[PDB]
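Computed from the coordinates by the stated procedures, all read-outs in this text should not be read as laboratory data. Methodologically, a virtual Cβ is constructed for each residue, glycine included, from the backbone with ideal geometry; neighbour enumeration extends over all protein chains shown.
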Amino acid sequence: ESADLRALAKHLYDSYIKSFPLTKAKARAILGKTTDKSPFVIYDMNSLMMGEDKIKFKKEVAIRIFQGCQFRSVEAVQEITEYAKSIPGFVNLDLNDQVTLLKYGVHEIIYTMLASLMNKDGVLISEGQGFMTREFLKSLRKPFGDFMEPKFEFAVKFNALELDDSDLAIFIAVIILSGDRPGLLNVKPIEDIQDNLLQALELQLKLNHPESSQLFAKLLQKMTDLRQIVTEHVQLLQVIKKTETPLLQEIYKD
Amino acid sequence: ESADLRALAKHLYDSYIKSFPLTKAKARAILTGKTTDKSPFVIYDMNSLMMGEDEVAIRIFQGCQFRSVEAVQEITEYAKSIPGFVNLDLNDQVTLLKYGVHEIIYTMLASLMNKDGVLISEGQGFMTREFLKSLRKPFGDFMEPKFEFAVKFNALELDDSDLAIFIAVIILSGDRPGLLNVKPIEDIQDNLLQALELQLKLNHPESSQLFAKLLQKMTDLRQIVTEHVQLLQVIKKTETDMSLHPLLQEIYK
Ligand SMILES: Cc1oc(-c2ccccc2)nc1CCCc1ccc(C[C@@H](C(=O)O)n2cccc2)cc1
């Protein structure tokens, strides 16, 4: 029934709003033009120095930035974890499976949601208070110059679909309820749920983007691009391990 | 109009049948015991390999190469039948084939597989999964991920008419590295995706969201290709005397 799919769609949009403080609509207004404020721009080493001193950020510079992405990605995991629980049926799943789906899904959500904060020239930083340019990130080092580049390329491609928060809220849920995560114990109810969410997403895009033909298919094929980016992210973290050689190390276990 | 989509579905299926001599329907008939087709000789060890022939790890490897070269040429014929494909920039035609070819091969190879092995030699033979594992250190690994994919993919229970549209969709992907005109390619794929969407709903009415589940397999396919390339580079260096087929070299370049 199309009413229940629409009900599922709004539920999720309502949860998403409560879970994620900095929304795409907001990020876009900031990027985009709503000149009621302005983010501090970081475009080289000197602008970074002021960036710290001016707005509060709670060794080598290339390292210090990388460690900031870690801090922020840990914050995002809690936000995504909170959102997951609102997805109808998710908390009724076996607890090991809940943890499994969060464990593997979280990086895909992060880069998906990152794209909302990125344009072709840079990324909003620190609750949108800043803007780190793409050039500045390119110019970091032999290891750290390629950390963000693949994520900018995906964003450019992802953002060309012009999804909004109402669309994304349902896409994110689809991602979490992936029944192919390794080590899952009861795959059926996960797929039962994802199938329900895929119906709601399908209907969401049709009503919200009636002229955008086959957008559902294009977005689902963007799931390969997310998976490939996540794959080649740990491929950098393996090399970081052999370059960046205590109780904080524990907090950012992964 | 759906009628236009049904016409495209029919057209692609027809070309599929004309391009691929060993269909899934034929493959399944041979595997299950249908008396339309005849039973395969089974290769499960060295003597059974010696009998069927009436160093082996390399022999099997060069055998898979010859079959991929053969498949590439079949896939190339199929592609040309795809409305709009031959009208594309020639450079892109080659690029779409370069990256789409192996993804098609592993998709269609699933059709020839069950959990316990794979049809060979136009369905005359059947080589067991376990036998393929028992091969030399660098050659014992190549087929497993293909089997693990096939088991998952075959569970969707697509038929040749479904596969015909899906492989069309794979070929006309506008995200291939180095394409010149993404728009004409994506316009055609939209049309194909619509057709597939209608094909699946009609052909598999009781099968919820098969379209979405099918598209998500394109993830699994791309991983299979990367694992394989990695694994070929190991053999380049291990086996200095082993030759890869020119057509396969230029694809992997
Ligand atoms: C296990 C087996 O053995 C034979 C075979 C064929 C003829 C003679 C002896 C064995 N075919 C198969 C499997 C089906 C054919 C087949 C297998 C694998 C591939 C992928 C293919 C590729 O990546 O291009 N390849 C090349 C070398 C190793 C893999 C393409 C085609």
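Suppose we keep only residues that are among the hydroxyl-bearing types (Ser, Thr, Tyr) and not in a loop (DSSP other than H, G, I, E, B) within region B:206-253. Which one would you say is nearest to the ligand (Cβ to nearest atom)?
Among them, the one singled out is B:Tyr252.
Could you pull out every one of the helices (runs of 4 or more DSSP H) wholly within region B:1-97 that has 2 or more residues that are under 30 Å from B:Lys236 (Cβ atoms) and within 16 Å of the ligand (Cβ to nearest atom)?
B:46-52, B:56-80
Can you name the residue in region A:206-254 that is closer than 24 Å to A:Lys157 by Cα and of a type in the set (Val, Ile, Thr) and, of all such residues, is farthest from the other protein chains (Cβ to nearest Cβ)?
Step by step, filter region A:206-254, then rank; the result is A:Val234.
Consider B:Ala168 carefully, then state whether it is within 21 Å of B:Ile75 (Cβ to Cβ) and buried (at least 17 other Cβ atoms within 10 Å of the Cβ).
Here the answer is yes, as B:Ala168 does meet what is asked.
Cβ-Cβ distance below 6 Å, separation of 6 or more or different chains: which pairs start in region A:19-33 with a residue that is of a type in the set (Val, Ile, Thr) and end on one that is surrounded by fewer than 19 Cβ atoms within 10 Å (Cβ to Cβ) and part of a loop (DSSP other than H, G, I, E, B)?
Pairs that qualify, where the first residue is of a type in the set (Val, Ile, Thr) and the partner is surrounded by fewer than 19 Cβ atoms within 10 Å (Cβ to Cβ) and part of a loop (DSSP other than H, G, I, E, B), are A:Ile30/A:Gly128.
Give the residue, chosen from B:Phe153, B:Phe139, that is away from the ligand (no atom under 11 Å from the Cβ) and either crowded, with 19+ Cβ neighbours inside 10 Å or on the phi > 0 side of the Ramachandran plot (or both).
B:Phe153
Test B:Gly178 against the stated conditions and say whether it is away from every other protein chain (no Cβ under 13 Å) and either assigned to a helix (DSSP H, G or I) or surrounded by fewer than 20 Cβ atoms within 10 Å (Cβ to Cβ) (or both).
Yes, satisfied.
Residues to consider are B:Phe61, B:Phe20; find the one that is farther than 22 Å from B:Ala168 by Cβ and aromatic (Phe, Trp, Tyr).
Criteria check complete, one pass: B:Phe61.
Restricting region A:116-169 to residues that are within 17 Å of A:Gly51 (Cβ to Cβ) and assigned to a helix (DSSP H, G or I), which is farthest from the other protein chains (Cβ to nearest Cβ)?
A:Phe136
Based on what the data block shows, is B:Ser121 of a type in the set (S, T, N, Q), under 26 Å from B:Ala29 (Cα atoms) and under 14 Å from the mean Cα position of the chain (by Cα)?
The answer is no for B:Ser121.
Test B:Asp116 against the stated conditions and say whether it is over 27 Å from B:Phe211 (Cα atoms) and more than 12 Å from the ligand (Cβ to nearest atom).
Yes, satisfied.
What number of residues in region A:186-205 are surrounded by fewer than 16 Cβ atoms within 10 Å (Cβ to Cβ), part of a helix (DSSP H, G or I) and away from every other protein chain (no Cβ under 12 Å)?
Number of matching residues: 1.
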